[PDB]
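Chemist: Input my_file11.cif, format and content: mmCIF, C-alpha atoms.
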```cif
data_my_file
#
loop_
_atom_site.label_atom_id
_atom_site.label_comp_id
_atom_site.auth_asym_id
_atom_site.auth_seq_id
_atom_site.Cartn_x
_atom_site.Cartn_y
_atom_site.Cartn_z
CA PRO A 1 -111.72 -86.70 -165.14
CA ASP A 2 -114.67 -85.75 -162.90
CA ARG A 3 -113.57 -88.13 -160.09
CA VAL A 4 -116.80 -90.06 -159.65
CA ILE A 5 -117.27 -92.77 -157.04
CA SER A 6 -120.09 -94.62 -158.78
CA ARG A 7 -122.06 -94.76 -162.02
CA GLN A 8 -125.27 -96.59 -162.87
CA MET A 9 -126.78 -96.56 -166.37
CA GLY A 10 -129.60 -99.08 -166.59
CA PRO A 11 -128.49 -102.53 -165.44
CA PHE A 12 -124.80 -101.51 -165.55
CA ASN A 13 -123.24 -100.30 -162.29
CA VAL A 14 -119.63 -99.60 -161.32
CA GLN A 15 -118.15 -98.46 -158.00
CA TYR A 16 -114.73 -96.81 -157.88
CA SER A 17 -112.22 -96.35 -155.08
CA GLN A 18 -111.45 -93.04 -153.41
CA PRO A 19 -109.69 -90.79 -155.95
CA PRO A 20 -106.27 -89.34 -155.11
CA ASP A 21 -106.06 -85.94 -153.46
CA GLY A 22 -104.32 -84.43 -156.49
CA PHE A 23 -102.93 -86.53 -159.33
CA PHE A 24 -100.83 -89.11 -157.46
CA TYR A 25 -101.58 -91.60 -154.71
CA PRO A 26 -99.31 -91.54 -151.63
CA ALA A 27 -97.25 -94.41 -153.06
CA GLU A 28 -96.80 -92.53 -156.34
CA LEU A 29 -95.90 -89.38 -154.40
CA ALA A 30 -93.30 -91.36 -152.45
CA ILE A 31 -91.87 -92.74 -155.70
CA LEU A 32 -91.70 -89.25 -157.21
CA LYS A 33 -90.10 -87.80 -154.07
CA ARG A 34 -87.29 -90.39 -154.11
CA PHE A 35 -84.99 -87.84 -155.78
CA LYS A 36 -85.08 -85.61 -152.70
CA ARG A 37 -81.96 -85.99 -150.58
CA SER A 38 -81.59 -86.69 -146.85
CA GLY A 39 -84.85 -88.64 -146.74
CA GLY A 40 -86.98 -85.55 -147.35
CA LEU A 41 -85.62 -83.62 -144.36
CA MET A 42 -85.11 -79.93 -145.09
CA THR A 43 -83.68 -77.19 -142.88
CA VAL A 44 -84.25 -73.43 -143.00
CA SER A 45 -81.52 -71.21 -141.58
CA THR A 46 -82.73 -68.48 -139.24
CA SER A 47 -81.30 -65.12 -138.24
CA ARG A 48 -81.91 -62.29 -135.78
CA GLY A 49 -81.44 -59.41 -138.21
CA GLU A 50 -77.99 -58.57 -136.84
CA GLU A 51 -75.51 -57.93 -139.65
CA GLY A 52 -72.29 -58.94 -137.90
CA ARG A 53 -68.89 -57.22 -137.92
CA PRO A 54 -66.11 -59.74 -137.19
CA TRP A 55 -63.51 -57.09 -138.10
CA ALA A 56 -64.55 -54.86 -135.19
CA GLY A 57 -61.92 -54.49 -132.48
CA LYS A 58 -59.17 -55.04 -135.04
CA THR A 59 -59.90 -51.67 -136.67
CA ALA A 60 -57.83 -49.63 -134.19
CA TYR A 61 -54.58 -51.45 -134.97
CA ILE A 62 -51.35 -49.57 -135.71
CA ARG A 63 -48.46 -51.58 -137.16
CA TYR A 64 -45.21 -51.11 -135.23
CA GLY A 65 -42.20 -53.04 -136.50
CA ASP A 66 -40.46 -53.95 -139.73
CA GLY A 67 -43.61 -54.82 -141.68
CA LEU A 68 -43.97 -58.18 -143.41
CA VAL B 1 -32.26 -29.52 -125.15
CA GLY B 2 -29.83 -31.50 -127.32
CA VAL B 3 -32.24 -34.31 -128.26
CA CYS B 4 -35.95 -34.60 -128.95
CA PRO B 5 -37.49 -33.48 -125.64
CA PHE B 6 -40.10 -36.26 -125.53
CA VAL B 7 -39.75 -39.36 -123.34
CA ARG B 8 -42.02 -42.30 -124.10
CA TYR B 9 -43.85 -44.22 -121.36
CA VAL B 10 -44.25 -47.76 -122.70
CA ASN B 11 -47.02 -49.85 -121.16
CA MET B 12 -45.53 -53.22 -122.15
CA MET B 13 -41.92 -54.04 -122.98
CA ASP B 14 -41.64 -56.15 -126.13
CA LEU B 15 -38.75 -57.01 -128.44
CA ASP B 16 -41.11 -56.99 -131.44
CA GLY B 17 -42.10 -53.34 -130.97
CA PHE B 18 -45.77 -54.07 -130.23
CA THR B 19 -46.84 -51.19 -127.98
CA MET B 20 -49.90 -52.90 -126.49
CA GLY B 21 -52.46 -51.09 -124.36
CA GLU B 22 -54.84 -52.46 -121.76
CA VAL B 23 -57.86 -51.33 -123.80
CA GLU B 24 -57.34 -52.82 -127.27
CA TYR B 25 -55.96 -56.00 -125.68
CA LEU B 26 -59.25 -56.79 -123.89
CA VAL B 27 -61.83 -55.51 -126.42
CA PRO B 28 -63.27 -58.96 -127.32
CA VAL B 29 -63.93 -59.89 -123.69
CA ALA B 30 -65.66 -56.60 -122.85
CA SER B 31 -67.72 -56.88 -126.04
CA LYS B 32 -68.64 -60.45 -125.04
CA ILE B 33 -69.86 -59.22 -121.65
CA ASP B 34 -71.83 -56.46 -123.35
CA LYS B 35 -73.41 -58.98 -125.73
CA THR B 36 -74.41 -61.25 -122.84
CA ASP B 37 -75.98 -58.29 -121.03
CA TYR B 38 -77.77 -57.31 -124.26
CA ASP B 39 -79.16 -60.84 -124.60
CA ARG B 40 -80.42 -60.73 -121.01
CA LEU B 41 -81.97 -57.30 -121.61
CA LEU B 42 -83.77 -58.57 -124.72
CA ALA B 43 -84.97 -61.65 -122.83
CA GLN B 44 -86.42 -59.60 -119.98
CA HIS B 45 -87.88 -57.00 -122.35
CA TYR B 46 -89.62 -59.52 -124.63
CA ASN B 47 -89.89 -62.87 -122.79
CA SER B 48 -90.13 -62.03 -119.09
CA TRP B 49 -93.87 -62.43 -118.41
CA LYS B 50 -96.47 -65.11 -119.05
#
```
Output the structure of this file as structure tokens.

Modeler:
Amino acid sequence: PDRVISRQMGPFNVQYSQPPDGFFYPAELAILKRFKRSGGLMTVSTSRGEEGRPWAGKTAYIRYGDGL
Amino acid sequence: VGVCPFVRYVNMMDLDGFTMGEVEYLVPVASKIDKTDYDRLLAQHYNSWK
């Protein structure tokens, strides 16, 4: 739990490997992330703050004819 | 006068009755030009100097 690298009590010594950054090693992280689609690529859509009015220009339209 | 005293000046002759004017017919193109000019104005107001 304390992520030690070594311990030595009397004539007993043990050396550990480098602990993972969080809970999972990079291989375990890759295994966990296998459920992400498109190989982990994600896209964020951007905008310029402009609302957008596609109906503009068609507003001043008077119907002349039979009407269907 | 005998009839309604108004005579209509039609811009375009059409069998479907669409009285089309030169303004509302070309609105998208003029708006496109205005948008291009607006983009250029924004570019030179915000991204014109080092």

Chemist: Take the PyMOL selection byres ((chain A) within 12 of (chain B)), apply it to the structure above, and return the hits as an MDAnalysis selection string.

Modeler: chainID A and resid 48 53:67

Chemist: Based on the selection just made, write C-alpha atoms of those residues as a tab-separated table (two decimals), in the frame of the given file.

Modeler:
```tsv
chain	number	residue	atom	x	y	z
A	48	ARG	CA	-81.91	-62.29	-135.78
A	53	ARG	CA	-68.89	-57.22	-137.92
A	54	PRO	CA	-66.11	-59.74	-137.19
A	55	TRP	CA	-63.51	-57.09	-138.10
A	56	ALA	CA	-64.55	-54.86	-135.19
A	57	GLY	CA	-61.92	-54.49	-132.48
A	58	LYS	CA	-59.17	-55.04	-135.04
A	59	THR	CA	-59.90	-51.67	-136.67
A	60	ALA	CA	-57.83	-49.63	-134.19
A	61	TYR	CA	-54.58	-51.45	-134.97
A	62	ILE	CA	-51.35	-49.57	-135.71
A	63	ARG	CA	-48.46	-51.58	-137.16
A	64	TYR	CA	-45.21	-51.11	-135.23
A	65	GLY	CA	-42.20	-53.04	-136.50
A	66	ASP	CA	-40.46	-53.95	-139.73
A	67	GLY	CA	-43.61	-54.82	-141.68
```

Chemist: Expand the PyMOL selection byres ((chain A and resi 15-31) around 12) into the individual residues it matches in the shown file, reporting them as a PyMOL selection string.

Modeler: chain A and resi 1-8+12-14+32-36+39-40

Chemist: Between atom CA of residue 29 of chain B and atom CA of residue 41 of chain B, what is the distance, to one decimal in Å?

Modeler: 18.3 Å

Chemist: State, in Å with one decimal place, the distance from atom CA of residue 32 of chain B to atom CA of residue 52 of chain A.

Modeler: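 Answer for the atom CA of residue 32 of chain B to atom CA of residue 52 of chain A separation: 13.5 Å.
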
Chemist: Enumerate, as a ChimeraX atom specification, the protein, DNA and RNA residues whose atoms approach (-75.5, -66.9, -132.3) to within 12 Å, taking into account all atoms listed in the file and the coordinate frame of the file.

Modeler: /A:45-52 /B:32,35-36,39

Chemist: Do you have the atom CA of residue 13 of chain B-atom CA of residue 30 of chain B distance handy?

Modeler: 23.9 Å

Chemist: Only N, CA and C atoms, as an mmCIF file, in the first residue's frame: that is what I want for segment 33-44 of chain B.

Modeler:
```cif
data_model
loop_
_atom_site.group_PDB
_atom_site.id
_atom_site.type_symbol
_atom_site.label_atom_id
_atom_site.label_comp_id
_atom_site.auth_asym_id
_atom_site.auth_seq_id
_atom_site.Cartn_x
_atom_site.Cartn_y
_atom_site.Cartn_z
ATOM 1 N N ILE B 33 -20.753 37.453 -50.179
ATOM 2 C CA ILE B 33 -19.704 38.463 -50.312
ATOM 3 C C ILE B 33 -19.501 39.196 -48.992
ATOM 4 N N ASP B 34 -20.601 39.551 -48.323
ATOM 5 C CA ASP B 34 -20.498 40.233 -47.038
ATOM 6 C C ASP B 34 -19.803 39.360 -46.002
ATOM 7 N N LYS B 35 -20.095 38.058 -46.002
ATOM 8 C CA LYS B 35 -19.447 37.154 -45.059
ATOM 9 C C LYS B 35 -17.955 37.030 -45.342
ATOM 10 N N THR B 36 -17.573 36.964 -46.620
ATOM 11 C CA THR B 36 -16.151 36.918 -46.953
ATOM 12 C C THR B 36 -15.440 38.189 -46.501
ATOM 13 N N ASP B 37 -16.064 39.347 -46.731
ATOM 14 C CA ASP B 37 -15.476 40.603 -46.277
ATOM 15 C C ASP B 37 -15.382 40.647 -44.756
ATOM 16 N N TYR B 38 -16.389 40.109 -44.067
ATOM 17 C CA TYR B 38 -16.365 40.057 -42.608
ATOM 18 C C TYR B 38 -15.234 39.167 -42.108
ATOM 19 N N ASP B 39 -15.014 38.033 -42.775
ATOM 20 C CA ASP B 39 -13.902 37.164 -42.408
ATOM 21 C C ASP B 39 -12.568 37.871 -42.599
ATOM 22 N N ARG B 40 -12.410 38.585 -43.715
ATOM 23 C CA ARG B 40 -11.171 39.328 -43.938
ATOM 24 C C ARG B 40 -10.986 40.421 -42.890
ATOM 25 N N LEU B 41 -12.072 41.110 -42.534
ATOM 26 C CA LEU B 41 -12.000 42.150 -41.512
ATOM 27 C C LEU B 41 -11.581 41.573 -40.168
ATOM 28 N N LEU B 42 -12.161 40.434 -39.784
ATOM 29 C CA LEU B 42 -11.764 39.784 -38.541
ATOM 30 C C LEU B 42 -10.304 39.361 -38.585
ATOM 31 N N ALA B 43 -9.861 38.827 -39.725
ATOM 32 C CA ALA B 43 -8.475 38.391 -39.848
ATOM 33 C C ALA B 43 -7.509 39.558 -39.701
ATOM 34 N N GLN B 44 -7.818 40.701 -40.315
ATOM 35 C CA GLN B 44 -6.904 41.831 -40.203
ATOM 36 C C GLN B 44 -7.090 42.621 -38.916
#
```
